[PDB]
Amino acid sequence: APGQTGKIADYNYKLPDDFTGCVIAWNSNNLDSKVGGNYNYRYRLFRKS
Amino acid sequence: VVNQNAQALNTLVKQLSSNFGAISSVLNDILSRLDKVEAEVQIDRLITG
């Protein structure tokens, strides 16, 4: 969401403070959860800024 | 005339220490304590006043 912060907003994907658009999401547990953990998906944990 | 000119400028300077409903009259107190989305609400109060 525009103006938000946290390790996704800060280091992975930032919406501009006056975003025009729509955000759409759905639980994908059947497609994307795997029995031992799905390591195909990762996120940036650290940045310089 | 001299006294009216001086009082009008003294009043104009002393309005800089008014909040007009912002959290502070000082822009650094806003910009150092609120995020880029929330600071603008308090800056817009100071601008308007």
# chains A, B, ... in the order shown; residues from 1 in each chain; ligands from 1

$ interface_residues --of "chain A" --to "chain B" --cutoff "12 Å" --atoms "only C-alpha atoms" --output "list in words"
residues 1, 2, 3, 4, 5, 15, 16, 17, 18 and 19 of chain A

$ residues_around --residues "segment 19-25 of chain B" --least-positions-apart "3" --cutoff "6 Å" --atoms "only C-alpha atoms" --output "PyMOL selection string"
chain B and resi 42+45+49

$ write_last_selection --atoms "N, CA, C and O atoms" --output "PDB file, in the first residue's frame"
ATOM      1  N   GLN B  42       0.657  17.389   8.575  1.00  0.00           N
ATOM      2  CA  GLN B  42       1.067  18.410   9.526  1.00  0.00           C
ATOM      3  C   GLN B  42       1.722  19.591   8.806  1.00  0.00           C
ATOM      4  O   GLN B  42       1.470  20.741   9.146  1.00  0.00           O
ATOM      5  N   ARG B  45      -1.083  21.735   7.363  1.00  0.00           N
ATOM      6  CA  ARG B  45      -1.588  22.617   8.420  1.00  0.00           C
ATOM      7  C   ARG B  45      -0.731  23.863   8.598  1.00  0.00           C
ATOM      8  O   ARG B  45      -1.278  24.960   8.532  1.00  0.00           O
ATOM      9  N   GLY B  49      -1.827  27.822   7.651  1.00  0.00           N
ATOM     10  CA  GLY B  49      -1.786  28.863   8.670  1.00  0.00           C
ATOM     11  C   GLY B  49      -0.796  29.990   8.378  1.00  0.00           C
ATOM     12  O   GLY B  49      -1.095  31.164   8.580  1.00  0.00           O
TER      13      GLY B  49
END

$ select_by_dssp --residues "chain A" --states "helix (DSSP H, G or I)" --output "PyMOL selection string"
chain A and resi 7-11+29-32

$ atom_distance --atom1 "atom CA of residue 49 of chain A" --atom2 "atom CA of residue 24 of chain A"
27.3 Å
